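To start, the structure under review is shown below, and the notes come after it.
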Amino acid sequence: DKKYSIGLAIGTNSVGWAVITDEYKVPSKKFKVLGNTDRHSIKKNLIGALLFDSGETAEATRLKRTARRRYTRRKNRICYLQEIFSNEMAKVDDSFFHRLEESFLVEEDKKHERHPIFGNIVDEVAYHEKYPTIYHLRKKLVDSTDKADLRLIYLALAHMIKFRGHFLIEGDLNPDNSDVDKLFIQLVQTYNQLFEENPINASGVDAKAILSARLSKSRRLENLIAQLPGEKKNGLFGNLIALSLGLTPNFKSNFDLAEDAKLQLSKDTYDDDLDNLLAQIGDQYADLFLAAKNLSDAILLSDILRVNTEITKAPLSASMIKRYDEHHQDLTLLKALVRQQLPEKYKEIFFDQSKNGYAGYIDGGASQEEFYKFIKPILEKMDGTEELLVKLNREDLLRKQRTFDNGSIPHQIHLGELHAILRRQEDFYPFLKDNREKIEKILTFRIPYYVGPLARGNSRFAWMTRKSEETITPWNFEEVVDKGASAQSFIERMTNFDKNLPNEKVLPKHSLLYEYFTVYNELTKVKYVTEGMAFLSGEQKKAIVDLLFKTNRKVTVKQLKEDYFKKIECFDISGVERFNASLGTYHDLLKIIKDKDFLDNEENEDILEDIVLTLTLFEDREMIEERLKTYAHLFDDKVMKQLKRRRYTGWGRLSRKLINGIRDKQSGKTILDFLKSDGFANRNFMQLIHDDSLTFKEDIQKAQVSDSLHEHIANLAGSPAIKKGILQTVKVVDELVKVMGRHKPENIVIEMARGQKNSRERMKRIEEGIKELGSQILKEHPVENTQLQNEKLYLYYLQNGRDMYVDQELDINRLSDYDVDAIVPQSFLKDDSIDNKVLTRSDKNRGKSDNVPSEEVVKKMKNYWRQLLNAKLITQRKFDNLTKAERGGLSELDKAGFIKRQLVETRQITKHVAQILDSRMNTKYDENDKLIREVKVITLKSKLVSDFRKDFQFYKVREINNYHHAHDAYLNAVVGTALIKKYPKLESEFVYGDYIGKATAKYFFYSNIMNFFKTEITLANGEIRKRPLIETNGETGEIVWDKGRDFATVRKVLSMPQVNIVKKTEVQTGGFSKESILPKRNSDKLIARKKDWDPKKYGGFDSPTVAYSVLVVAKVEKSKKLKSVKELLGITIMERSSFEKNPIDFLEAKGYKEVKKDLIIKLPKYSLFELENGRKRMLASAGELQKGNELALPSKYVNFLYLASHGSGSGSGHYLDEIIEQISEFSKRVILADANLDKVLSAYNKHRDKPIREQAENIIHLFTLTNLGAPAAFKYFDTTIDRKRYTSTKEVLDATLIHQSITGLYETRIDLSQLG
RNA sequence: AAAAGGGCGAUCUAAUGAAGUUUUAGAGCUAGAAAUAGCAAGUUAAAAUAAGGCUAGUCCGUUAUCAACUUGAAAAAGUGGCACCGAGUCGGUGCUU
DNA sequence: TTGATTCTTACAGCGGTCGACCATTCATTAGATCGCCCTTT
DNA sequence: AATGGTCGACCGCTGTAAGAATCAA
């Protein structure tokens, strides 16, 4: 028995745990070791860290589900088309679909003829010669009227249905609107027709290039408006161009309107909104919008269809045929130019599949960018290729028909081509003329997002309510699926429930009841003190609501005191400084319906609540129209349209029963009525909730009947990695309490922690910002990926190559002389993100180190900052922090706040994990039903321990080992315990419990909190070493800190060579193998793609994921003699379920015999094996091992490396040699690799002339060979050394397998040598 | 003090588009016994896209969870003595069952 | 002497380490939750 | 990106069977 505390450091991949006593010492105990070896007890130091792989998210699984459902629904649409064409195709070919389905099978396995389309070689070659691509057949079936073969018609319709197109456009993209210049001219003409006085016209503009550019839509709008001098952005023509581009302009100032008239062509309500505009402006303007609409139809198709739609009714097919013909002609010309000028490279461009070129781009499957980059120098070093470079610069040299650009193809063009083919070929076939709507619906149908999967109770993701338990088809969807109820289930499935009434839903934030509740709760507290004479009469509040809250939207206090406190009651008040509780939806519905008596009717309030809930639920217009038809008879048709135009979003916090349905028995009144009137004492909502006399609190506690630990962890808001770390943390705490014999700690001080993907995201952001900024910086200075990791160059390309503190330009390759400056002082806020860093020539450009850059900088750079913000190059937070100088800058309050943020946590995830720890530890209540808090759950911040290390020479290098996690946990425990002992008045900011305005006081208090740990003070007179050696607590005889003994204990603890580093063994869960489908080969490693497909004939997968390995000792045959061998086999995820419940069967199926079913051992990943000489290996897979030994470098060398990497140490030179010797000894002891060690030694002896700083910085990197885990690569002065992978597991078969507990204190060893 | 409005971030769900890959179809010509050499043409299409599963749906199948043993049916639970000297991954020495 | 036997001993087959090479992507739409940093009212 | 599957080349091990004795009868 003792009084101990626990220290925890929570991370996304690690959980450090440590145990301290009242003397800040770490106890050591002997633990029993089970198994077969003679070791029955091992001593350990009760401090360590649990390592674990990061927890991944469900985003990948969701993507897989969506892809699988998309594929299956496409296959089902094809099957619907086949079911339609079956009976008619039987009269033409009985084996047509049979040959189409068997196209994948080889002729050896093909039951019918090879050619699927027809069944003969002659007509097959004839069709492929006459129609080379399928777009030829598309255009032939669209344009020509001759009766074609039913097989070709089915092929065209199937290619249209299989790849329909994006449903991002609502309505009908009219193909007749194809040219941008003609439609822009028509828009200018109809604009001039409207106003003859000031006709805005410009013939020198070219809309086809300005409006159809690759820039941002707003940038194209700006470029077009800049070309016309008479027009402006706020003008009506600017809004017309915005509508043509789809920027959702507003026509308030253009038509002298008093309301907002926002029109968006992509939205569904547009027409209605348009009509509303046509109800306020003259109808003669309507044609203008029509023209604008036409422009919006031609500005998109300009990229989709490149041919005149009047030439043929298949514009996309014609564009594809033009692609094919241009490809053919350019390929012929290129072959001629190669055979005429440089034939020596012909075999390299038209015959090699490995290298790039026409043979690698077609047959080798190379990229189009690689193709262009490979041909660019060849076209530059030629004569008759000066014109082909014009097409290669626009990425249109040798274009295929199925490229990525085809993503921009909407389903409307394919629907039009299908309708054309159907109308042409229906005059010959009866079923085609009779079943046109069927195929049109097959290609048009799209399951709504608010319906989900079409399941009958076998899908945990589905929510659709069926009107009839029948098979759902694209034709009877609206009759089998209740779309309204499905959408309501979709929305209510994801909304929150009332925190006080868990079995009740929450009304929307725009509910009239919620607004009444807020107004009444806000109005209950009012001074209203006249001369001489807070009563808050219920009738008076009702009169105020009827006269002010129901007449004006925002009730301001100056108008309040003059309307009721002066006019109603004659007088000549300080409750609330506006009220922040307006009846906004009340006035909205009033302006919509123009009937105050209907709103003030108590009987009609239920209908109003249902209307508001319906407006909040659905977003689609058809849903709200179907759900508002029940109230159609109540209002006028115009009022009905205006109410269907209104749309609300957002949800409140309280249920409907908590606002008005609840009523105390003894009080005999509802809670809303209590807020309206409560006698002389007008109580509040919180007063009504937490009152010992109110029956409310008891019923609220009774309604909360209920769960598990994992369920509570999953409900927490945060990344899954943090939640996994938290779960491992509570497991570690449970096991630690178990080690202490079910004794609870006195304190638990817990502290949490705050790439090609990042490079790609940075490249995307820079490209988008420069495109919307219209700068040529990406063209002048070519930027490549993975180079933006450098902060200087990243900030250069983010600031368009110019300073943000002055108007000068920045020079490439001079960035080392330029400096990065923090927008807020690093002394105040310790933020090193891009939202706080600015690349400038000199720091003196900033106004002062005290505060934000002065307003003299803002008044000059605000325009540039706004241009950067509008280009999405800087966050709005950075704009605010830069321009804060105009708003007074930083005062003394926000400085104290920034200083306190660095010490106090104020993080909700930390609060929740502290609540979890407190609810798990403190579970006893006393006589007065008060919680007995035995364990203080202290929440500490990383900055505190980091400053402690930096101030007291307790440096730690992360690259050395994993001990730093345990050490940080120990330091957190020590610092938290000492802080609570020194300053108990601060327990409200650390210990989890119920617990200019002296701004400089708080600023200075939170600045030197830890100065009582120091051993000296620096007064203006000098360095006075008169610091109390025994720091104690005021009015408490307890000693808090001892400078003579406690530091020694901390140094000894950090110098301990035994730390419990444990790697969590986990079964690999995920995909079956690599997703790539490799071609066929003569190897058993190819996994079959289908049960009826052969890998050597069709290819398949290559690298399966090994999980749940099995050590087995059995006899195998090899004159077919049986030899008894022991080996571990790697089960794959695909065959994991089959291996379960069938050990002997699955093992004999692979070739094993006489398998000892009782000796089969299950081994996950990272399983620990001690071999010899203290070497430990972790089973990485079936045939790979990982370093499992931790190097314990002495703290002297750690501090030396830290001080020499920074340079201020000037430490001993031979320390480098001593560290090299220790690394070499550790390597020779546990690292089986010796060639890498010899290479390291040679490189070190070669680079001895380098300074001590660089030598230490590279010795830090050298520790990779001695780190725990998978071997990796490392560089020592540009001398990279490859990893040495342990490609065998034969030694592990006789090793000592160690099953370690969560903390590693309870071990079980098994000698595997006694199994063969 | 509070609301509101933005702006970034962590997640979760549903509906879609385009590519990618694989097998097959798209007859390759000439010379030559052959090995192979010389030419021509190449852009497209079908089918699959986790093996598959029963619960038979136009459903589900890559998230979370996992040291050992003993139970339970799963979840989950239970199972391992304490001080003192030291410290290279923990070793001893005392007590106590 | 002669087949069999008994080593026996040098030559082809086996199943271990170095050294690369590779690893399914882009893009929309519609919602719902929590969490933090700001300004504005 | 990471770290494990996979193929190619190499390569020491190894066990194996074809001489080389080696008895015995």
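Identifiers in the structure tokens: chain A, B, ... in order shown; residue index from 1 per chain; ligand index from 1 in order shown.
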Identify every residue of chain A that has at least one atom within 8 Å of any atom of chain C, counting only C-alpha atoms (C1' of nucleotides), and report the result as a PDB file with N, CA, C and O atoms, in the first residue's frame.
ATOM      1  N   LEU A 168     -25.628  16.189 -63.296  1.00  0.00           N
ATOM      2  CA  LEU A 168     -25.418  17.458 -62.616  1.00  0.00           C
ATOM      3  C   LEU A 168     -26.215  18.605 -63.223  1.00  0.00           C
ATOM      4  O   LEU A 168     -26.221  19.700 -62.652  1.00  0.00           O
ATOM      5  N   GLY A 407     -15.578  12.797 -68.779  1.00  0.00           N
ATOM      6  CA  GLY A 407     -16.329  13.023 -67.558  1.00  0.00           C
ATOM      7  C   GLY A 407     -17.278  14.201 -67.659  1.00  0.00           C
ATOM      8  O   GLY A 407     -18.319  14.224 -66.996  1.00  0.00           O
ATOM      9  N   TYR A 449     -30.882  10.486 -53.564  1.00  0.00           N
ATOM     10  CA  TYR A 449     -29.988  10.333 -52.422  1.00  0.00           C
ATOM     11  C   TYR A 449     -30.759  10.077 -51.134  1.00  0.00           C
ATOM     12  O   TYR A 449     -30.254   9.394 -50.237  1.00  0.00           O
ATOM     13  N   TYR A 450     -31.976  10.603 -51.024  1.00  0.00           N
ATOM     14  CA  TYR A 450     -32.750  10.466 -49.798  1.00  0.00           C
ATOM     15  C   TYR A 450     -33.484   9.133 -49.694  1.00  0.00           C
ATOM     16  O   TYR A 450     -34.309   8.970 -48.789  1.00  0.00           O
ATOM     17  N   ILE A 491     -33.578  12.357 -43.272  1.00  0.00           N
ATOM     18  CA  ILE A 491     -33.199  13.540 -42.499  1.00  0.00           C
ATOM     19  C   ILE A 491     -33.219  13.239 -41.004  1.00  0.00           C
ATOM     20  O   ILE A 491     -32.285  13.591 -40.274  1.00  0.00           O
ATOM     21  N   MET A 494     -30.308  11.266 -39.017  1.00  0.00           N
ATOM     22  CA  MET A 494     -29.025  11.887 -38.729  1.00  0.00           C
ATOM     23  C   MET A 494     -29.128  13.089 -37.802  1.00  0.00           C
ATOM     24  O   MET A 494     -28.096  13.675 -37.454  1.00  0.00           O
ATOM     25  N   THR A 495     -30.327  13.476 -37.397  1.00  0.00           N
ATOM     26  CA  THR A 495     -30.492  14.596 -36.490  1.00  0.00           C
ATOM     27  C   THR A 495     -30.354  14.130 -35.041  1.00  0.00           C
ATOM     28  O   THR A 495     -30.454  12.941 -34.732  1.00  0.00           O
ATOM     29  N   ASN A 496     -30.114  15.090 -34.152  1.00  0.00           N
ATOM     30  CA  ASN A 496     -29.919  14.782 -32.744  1.00  0.00           C
ATOM     31  C   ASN A 496     -31.258  14.671 -32.019  1.00  0.00           C
ATOM     32  O   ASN A 496     -32.292  15.159 -32.481  1.00  0.00           O
ATOM     33  N   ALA A 717     -16.627  12.821 -30.373  1.00  0.00           N
ATOM     34  CA  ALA A 717     -16.306  13.574 -31.579  1.00  0.00           C
ATOM     35  C   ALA A 717     -14.793  13.672 -31.738  1.00  0.00           C
ATOM     36  O   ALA A 717     -14.114  14.276 -30.899  1.00  0.00           O
ATOM     37  N   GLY A 718     -14.275  13.097 -32.811  1.00  0.00           N
ATOM     38  CA  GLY A 718     -12.853  13.146 -33.073  1.00  0.00           C
ATOM     39  C   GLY A 718     -12.450  12.086 -34.072  1.00  0.00           C
ATOM     40  O   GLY A 718     -13.256  11.260 -34.505  1.00  0.00           O
ATOM     41  N   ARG A 877      -8.969  33.574 -41.495  1.00  0.00           N
ATOM     42  CA  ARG A 877      -8.331  33.799 -40.204  1.00  0.00           C
ATOM     43  C   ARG A 877      -7.032  34.575 -40.368  1.00  0.00           C
ATOM     44  O   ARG A 877      -6.731  35.472 -39.572  1.00  0.00           O
ATOM     45  N   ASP A 880      -7.887  38.165 -41.025  1.00  0.00           N
ATOM     46  CA  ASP A 880      -8.290  38.831 -39.790  1.00  0.00           C
ATOM     47  C   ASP A 880      -7.080  39.152 -38.924  1.00  0.00           C
ATOM     48  O   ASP A 880      -6.958  40.260 -38.386  1.00  0.00           O
ATOM     49  N   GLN A 908     -12.321  20.132 -25.911  1.00  0.00           N
ATOM     50  CA  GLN A 908     -13.489  19.351 -25.526  1.00  0.00           C
ATOM     51  C   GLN A 908     -13.180  17.860 -25.482  1.00  0.00           C
ATOM     52  O   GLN A 908     -13.703  17.149 -24.618  1.00  0.00           O
ATOM     53  N   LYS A1074      -3.611  -6.811 -53.450  1.00  0.00           N
ATOM     54  CA  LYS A1074      -3.440  -5.607 -54.250  1.00  0.00           C
ATOM     55  C   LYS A1074      -4.528  -5.527 -55.309  1.00  0.00           C
ATOM     56  O   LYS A1074      -4.856  -6.520 -55.964  1.00  0.00           O
ATOM     57  N   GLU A1075      -5.086  -4.329 -55.483  1.00  0.00           N
ATOM     58  CA  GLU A1075      -6.210  -4.158 -56.392  1.00  0.00           C
ATOM     59  C   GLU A1075      -5.813  -4.255 -57.860  1.00  0.00           C
ATOM     60  O   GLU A1075      -6.693  -4.429 -58.709  1.00  0.00           O
ATOM     61  N   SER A1076      -4.524  -4.162 -58.180  1.00  0.00           N
ATOM     62  CA  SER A1076      -4.099  -4.247 -59.570  1.00  0.00           C
ATOM     63  C   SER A1076      -4.328  -5.651 -60.116  1.00  0.00           C
ATOM     64  O   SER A1076      -4.143  -6.648 -59.411  1.00  0.00           O
ATOM     65  N   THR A1287      14.231 -11.565 -44.250  1.00  0.00           N
ATOM     66  CA  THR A1287      13.350 -12.280 -45.176  1.00  0.00           C
ATOM     67  C   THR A1287      13.168 -13.750 -44.815  1.00  0.00           C
ATOM     68  O   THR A1287      13.067 -14.599 -45.706  1.00  0.00           O
TER      69      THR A1287
END
Please determine the contact residues of chain A with respect to chain D at a cut-off of 10 Å, counting only C-alpha atoms (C1' of nucleotides), and supply them as an NGL selection string. :A and (755-759 or 1073-1074 or 1085 or 1102-1106 or 1180-1181 or 1183-1184 or 1270-1272)
Report, in Å to a single decimal, how far apart CA of residue 629 in chain A and CA of residue 588 in chain A are.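 These atoms are spaced 20.1 Å apart.
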DSSP on the backbone: which residues in range 260-475 of chain A end up as helix (DSSP H, G or I)? Give the answer as a PyMOL selection string. chain A and resi 270-280+283-304+315-340+343-349+358-362+368-380+388-393+404-408+411-425+430-434+436-444
Please determine the contact residues of chain B with respect to chain A at a cut-off of 10 Å, counting only C-alpha atoms (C1' of nucleotides), and supply them as number ranges by chain. B: 2-4, 6-8, 10-27, 42-52, 55, 57-69, 75, 80-82, 87-91
